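Trainee: One structure follows; several queries about it will come next.
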Amino acid sequence: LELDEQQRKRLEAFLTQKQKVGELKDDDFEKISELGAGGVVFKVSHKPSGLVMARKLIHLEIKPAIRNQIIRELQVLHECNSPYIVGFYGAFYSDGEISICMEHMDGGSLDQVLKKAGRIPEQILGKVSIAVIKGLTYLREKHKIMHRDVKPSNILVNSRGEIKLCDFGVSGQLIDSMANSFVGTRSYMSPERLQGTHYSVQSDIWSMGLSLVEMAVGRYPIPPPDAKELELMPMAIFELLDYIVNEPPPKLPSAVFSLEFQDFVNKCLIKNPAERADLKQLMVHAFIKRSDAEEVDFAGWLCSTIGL
Amino acid sequence: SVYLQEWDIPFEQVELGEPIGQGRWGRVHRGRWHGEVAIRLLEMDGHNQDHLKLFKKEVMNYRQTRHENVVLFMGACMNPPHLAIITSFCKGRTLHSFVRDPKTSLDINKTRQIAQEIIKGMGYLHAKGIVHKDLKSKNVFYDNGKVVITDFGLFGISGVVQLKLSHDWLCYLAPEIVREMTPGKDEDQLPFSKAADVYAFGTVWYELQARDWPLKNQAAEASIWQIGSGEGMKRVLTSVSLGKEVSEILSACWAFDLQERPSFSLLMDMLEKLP
Ligand SMILES: CNS(=O)(=O)Nc1cccc(-n2c(=O)n(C3CC3)c(=O)c3c(Nc4ccc(I)cc4F)n(C)c(=O)c(C)c32)c1
Ligand SMILES: Nc1ncnc2c1ncn2[C@@H]1O[C@H](COP(=O)(O)OP(=O)(O)NP(=O)(O)O)[C@@H](O)[C@H]1O
Ligand SMILES: Nc1ncnc2c1ncn2[C@@H]1O[C@H](COP(=O)(O)OP(=O)(O)NP(=O)(O)O)[C@@H](O)[C@H]1O
Ligand SMILES: [Mg+2]
């Protein structure tokens, strides 16, 4: 933990606003705009109460009896609250789809930020790492849960400069009950997880490392660019996956980045999870120590590069 | 355009009843031909882009078929863009829900006879040059002894409907297909073959033994590599022994090199020389 006092402050100011609603229903919300396609998330206005939320829509046609099991596992999420975890407002069932209304983080995802900026500088990426490391420690130490799906599209930002995790794995029944999962073109799953073997939070550590390389260089880094392509800066899914399992992991270029940054990601992307750094080892890495003591006005950088 | 008056079966009337499930290949309704039928309703965006030409070909191909272990293909009417495929209605339970019922008692004899029936049906289809794309335990019906195969050759059609995959389906997909899988690519492009069908029969054979599918539910990506590498099926083959004769045909059907997979006529003999 090592909770600061101000972190208590900003959490508590949200949790007073928490009680500002009691019940949720479809007609409370008005669609403001479409964010992206994956589930799909919409900006919505809540009308019973002035809170503005993010509503993500997951389409499911399944029988009533299973739903009460999902919801009771899902009720635990009202208990977890952290400056590193997106605040949650409630869950309900309506017209063949669960709507999840959550805290709106005005900076969007790291994917859409990277696209606009071109590249993310080393010093910003240091501040992001600290927030992620402390979130995973909290989940391990207090609730014994791994995230299982860490990636840039599920890392949200705001203009105050807070960083919060979403879309983590709270419900064992929901995983099993979800018969049909959907794959796309980028995969952030660790090698051990891809081979269907025993896994732990270590697979999440790989996902963080790989996510950082993408954002640092501005391109999904598998396959690596060639020599002449890195100066300037149509593949099937199984070829990509087989690259992750058998080829050496991506690495940062050795010219333009510090050894602490290069060594940190390298320690995150060791394929053998027993040698991959764990949270205890990560907390003490030189790269993290430097970033933690650095004074960077992250809000100002975000507003100025995205044009407010 | 093909109509109901061109068909073997004399047509007078057909009343829709309750639907009984939706999928990426339209909606299936309990119907009434004086006999109940299954009616699959489709829409074809292929505005006469050889889709109908192929559809007329494939549907006529389904015609001239009859076998005690395969569904009776009855009719296919097309009032474009709205199409419909009328099949005989199988009473009883799917093999999926049947094998997973606790009260069911299957043995090496019941299991053998069931597999034989499936091969006899699948043999007919291969003899007619009809590749049964999409063979799985959800598309096989059991009714106090009678065994029927369903929804054959449906993937050859190019009608309207990130990758979209189920878990129950992946366990039947052979490696050659999974490697070729890529976004924006349609089902018609995948390399289904007579060999691709016998692989899916292996996952059926495994379900007949293990009363479940080979890969405990995972992220589809995991199932991709495990299947596309062939290592996954190698592990589950080693992970539990069943019997040299039983494991013989499971290692046979799931052979990584498709040419190392037996024909269905060969599988008839393998099922004879068994307990
Ligand atoms: C796909 N690989 S897998 O086969 O291994 N299955 C799997 C693995 C890892 C995560 C999930 N997963 C998930 O992807 N999403 C996103 C919809 C796209 C979830 O939202 C999700 C989830 N909802 C949720 C909870 C809190 C917040 I704040 C926001 C949320 F969206 N909850 C409760 C889960 O428990 C899991 C396990 C989820 C699925
Ligand atoms: N809470 C949110 N607020 C704003 N934008 C979001 C939010 N969640 C997701 N997005 C954006 O919209 C897209 C859809 O996200 P979502 O449907 O949650 O799946 P995903 O973020 O793409 N990855 P995953 O959630 O694991 O399937 C993402 O790529 C983000 O760019
Ligand atoms: N001839 C039939 N007799 C009885 N039930 C049938 C018949 N054909 C299809 N069904 C059922 O109708 C439902 C929908 O069919 P189908 O379109 O094949 O979806 P599915 O079998 O569940 N899997 P999918 O093909 O991916 O949608 C399923 O429950 C089938 O078992
Ligand atoms: Mg079917």
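Residues in the structure tokens are named by chain (A, B, ... in the order shown) and by number from 1 within that chain; ligands are numbered from 1 in the order shown.
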To test your reading of the structure, identify every residue in segment 8-155 of chain A that backbone DSSP assigns to alpha helix (DSSP H), and report it as a tab-separated table (two decimals) with C-alpha atoms, in the first residue's frame.

Mentor:
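And here's part27.tsv as it stands now:
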chain	number	residue	atom	x	y	z
A	8	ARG	CA	-7.34	9.12	0.97
A	9	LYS	CA	-8.69	12.63	0.24
A	10	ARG	CA	-9.50	12.11	-3.44
A	11	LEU	CA	-10.91	8.60	-2.91
A	12	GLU	CA	-13.21	9.88	-0.12
A	13	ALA	CA	-14.49	12.81	-2.19
A	14	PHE	CA	-15.64	10.27	-4.79
A	15	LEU	CA	-17.19	7.92	-2.19
A	16	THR	CA	-19.33	10.71	-0.74
A	17	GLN	CA	-20.67	11.22	-4.28
A	18	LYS	CA	-21.13	7.42	-4.35
A	64	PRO	CA	-31.97	-15.74	-15.57
A	65	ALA	CA	-30.69	-18.41	-13.14
A	66	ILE	CA	-26.99	-17.92	-13.98
A	67	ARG	CA	-27.24	-14.09	-13.77
A	68	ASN	CA	-27.82	-14.04	-10.01
A	69	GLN	CA	-24.56	-15.97	-9.56
A	70	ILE	CA	-22.67	-13.46	-11.72
A	71	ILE	CA	-24.14	-10.50	-9.82
A	72	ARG	CA	-23.30	-11.82	-6.35
A	73	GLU	CA	-19.67	-12.39	-7.35
A	74	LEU	CA	-19.76	-8.95	-9.00
A	110	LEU	CA	-3.29	4.88	-23.99
A	111	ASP	CA	-3.88	3.50	-27.51
A	112	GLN	CA	-5.73	6.63	-28.64
A	113	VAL	CA	-3.26	8.91	-26.85
A	114	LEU	CA	-0.27	7.21	-28.52
A	115	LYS	CA	-1.88	7.48	-31.98
A	116	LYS	CA	-2.25	11.25	-31.52
A	117	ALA	CA	1.19	11.87	-29.99
A	122	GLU	CA	10.33	7.78	-21.26
A	123	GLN	CA	9.57	10.02	-18.28
A	124	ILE	CA	5.78	9.80	-18.62
A	125	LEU	CA	5.98	6.00	-18.97
A	126	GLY	CA	7.85	5.90	-15.66
A	127	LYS	CA	4.95	7.53	-13.81
A	128	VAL	CA	2.51	5.06	-15.40
A	129	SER	CA	4.54	2.07	-14.15
A	130	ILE	CA	4.37	3.14	-10.48
A	131	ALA	CA	0.57	3.40	-10.58
A	132	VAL	CA	0.25	-0.04	-12.23
A	133	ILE	CA	2.67	-1.75	-9.80
A	134	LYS	CA	0.79	-0.47	-6.74
A	135	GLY	CA	-2.57	-1.51	-8.18
A	136	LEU	CA	-1.43	-5.10	-8.72
A	137	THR	CA	0.11	-5.30	-5.23
A	138	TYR	CA	-3.19	-4.16	-3.69

Trainee: Show which residues sit within 9 Å of segment 216-232 of chain B, as a PyMOL selection string. Count only C-alpha atoms, and ignore same-chain residues fewer than 4 positions away.

Mentor: (chain A and resi 175-176+179-183+187+189+193-196+237-238+241-242+245) or (chain B and resi 165-168+170-171+173-179+212+236-237+254-256)

Trainee: Give me, as a PyMOL selection string, the set of residues whose atoms come within 6 Å of any atom of ligand 2, counting only C-alpha atoms and all ligand atoms.

Mentor: chain A and resi 35-41+54+104-105+108-109+112+149+153-154+167

Trainee: Need the shell around residue 142 of chain B: protein/DNA/RNA residues with any atom at most 7 Å away, counting only C-alpha atoms. Skip same-chain ones fewer than 4 positions apart. Format as an NGL selection string?

Mentor: :B and (92-95 or 146-148)

Trainee: Those residues you just picked out, can you put them in a file as a compact mmCIF listing (two decimals), in the first residue's frame with N, CA, C and O atoms?

Mentor:
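Dumped everything to selection00.txt:
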# COMPACT_ATOMS: atom_id res chain seq x y z
N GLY B 92 -35.48 -35.93 -29.96
CA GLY B 92 -34.46 -36.36 -29.04
C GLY B 92 -33.44 -35.28 -28.74
O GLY B 92 -33.59 -34.10 -29.07
N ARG B 93 -32.38 -35.72 -28.07
CA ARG B 93 -31.38 -34.84 -27.50
C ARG B 93 -30.14 -34.79 -28.39
O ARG B 93 -29.80 -35.77 -29.06
N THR B 94 -29.48 -33.63 -28.41
CA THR B 94 -28.18 -33.54 -29.06
C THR B 94 -27.20 -34.47 -28.36
O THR B 94 -27.35 -34.79 -27.17
N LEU B 95 -26.18 -34.91 -29.10
CA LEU B 95 -25.15 -35.74 -28.47
C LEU B 95 -24.40 -34.96 -27.40
O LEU B 95 -23.97 -35.54 -26.40
N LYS B 146 -31.25 -44.17 -32.45
CA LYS B 146 -31.08 -43.54 -33.75
C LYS B 146 -30.11 -42.37 -33.63
O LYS B 146 -30.22 -41.55 -32.71
N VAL B 147 -29.17 -42.29 -34.57
CA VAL B 147 -28.12 -41.27 -34.57
C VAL B 147 -28.15 -40.56 -35.91
O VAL B 147 -28.15 -41.21 -36.96
N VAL B 148 -28.18 -39.22 -35.89
CA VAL B 148 -28.30 -38.42 -37.10
C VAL B 148 -27.28 -37.29 -37.06
O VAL B 148 -26.98 -36.74 -35.99

Trainee: Counting only C-alpha atoms, which residue out of A:106, A:61, A:95, A:229 sits closest to chain B?

Mentor: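 Residue with the minimum atom-to-atom distance to chain B: A:61.
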
Trainee: Quick one, how far is atom CA of residue 164 of chain A from atom CA of residue 45 of chain A?

Mentor: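 Spanning atom CA of residue 164 of chain A to atom CA of residue 45 of chain A is a straight-line distance of 21.0 Å.
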
Trainee: Mind listing the residues within 10 Å of ligand 4, only C-alpha atoms and all ligand atoms counted, as a short mmCIF file (atom, residue, chain, number, x, y, z; two decimals) with C-alpha atoms, in the first residue's frame?

Mentor:
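Wrote it out as selection_15.cif, contents follow:
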data_model
loop_
_atom_site.label_atom_id
_atom_site.label_comp_id
_atom_site.auth_asym_id
_atom_site.auth_seq_id
_atom_site.Cartn_x
_atom_site.Cartn_y
_atom_site.Cartn_z
CA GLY B 21 -32.05 -21.19 -31.57
CA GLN B 22 -30.11 -18.50 -33.41
CA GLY B 23 -26.60 -18.67 -34.82
CA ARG B 24 -24.34 -17.00 -37.33
CA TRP B 25 -26.16 -19.10 -39.98
CA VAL B 28 -33.81 -22.35 -36.86
CA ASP B 134 -18.72 -27.72 -39.25
CA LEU B 135 -18.89 -31.20 -37.70
CA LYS B 136 -19.29 -31.11 -33.91
CA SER B 137 -21.18 -32.73 -31.03
CA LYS B 138 -23.82 -29.99 -31.09
CA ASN B 139 -24.72 -31.04 -34.66
CA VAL B 140 -25.36 -34.74 -33.90
CA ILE B 149 -25.80 -35.83 -38.41
CA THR B 150 -26.93 -32.23 -38.92
CA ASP B 151 -26.04 -28.98 -40.71
CA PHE B 152 -23.56 -30.39 -43.22
CA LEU B 154 -23.40 -25.11 -44.51
#

Trainee: With distances taken over only C-alpha atoms, which residue among B:126, B:110, B:164, B:40 lies nearest residue 275 of chain B?

Mentor: B:110

Trainee: So, counting only C-alpha atoms and all ligand atoms, which residue among A:49, A:177, A:291, A:281 is closest to ligand 1?

Mentor: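 The closest residue to ligand 1 is A:177.
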
Trainee: Which residue is closest to ligand 3? Choose from B:80, B:31, B:121, B:262 and count only C-alpha atoms and all ligand atoms.

Mentor: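 Looking at the shortest contact to ligand 3, the residue is B:31.
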
Trainee: Out of segment 65-192 of chain A, which residues get strand (DSSP E) from DSSP, as a PyMOL selection string?

Mentor: chain A and resi 88-94+97-103+108-109+155-157+163-165

Trainee: Atoms to include: C-alpha atoms. Write the selected residues as a compact mmCIF listing (two decimals), in the first residue's frame.

Mentor:
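Result file again_10.txt:
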# COMPACT_ATOMS: atom_id res chain seq x y z
CA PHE A 88 -17.51 1.54 -10.01
CA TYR A 89 -21.15 2.66 -9.81
CA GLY A 90 -23.24 -0.48 -10.31
CA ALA A 91 -24.21 -3.44 -12.43
CA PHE A 92 -27.60 -4.54 -13.74
CA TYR A 93 -29.33 -6.66 -16.38
CA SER A 94 -31.52 -5.23 -19.13
CA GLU A 97 -27.10 -7.12 -22.26
CA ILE A 98 -25.27 -6.11 -19.10
CA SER A 99 -24.51 -2.39 -18.95
CA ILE A 100 -21.58 -1.34 -16.76
CA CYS A 101 -21.58 2.34 -15.78
CA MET A 102 -18.26 3.50 -14.35
CA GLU A 103 -16.05 6.51 -13.64
CA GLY A 108 -9.32 7.91 -22.80
CA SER A 109 -7.06 4.95 -23.47
CA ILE A 155 -5.66 1.98 -19.06
CA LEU A 156 -7.52 5.26 -18.56
CA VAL A 157 -6.29 8.78 -17.80
CA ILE A 163 -4.26 6.52 -13.56
CA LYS A 164 -6.71 3.69 -12.92
CA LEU A 165 -7.10 0.05 -13.99

Trainee: When distances are computed from only C-alpha atoms, which of B:169, B:3, B:62, B:11 shows the smallest separation from chain A?

Mentor: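 Nearest candidate to chain A out of B:169, B:3, B:62, B:11: B:169.
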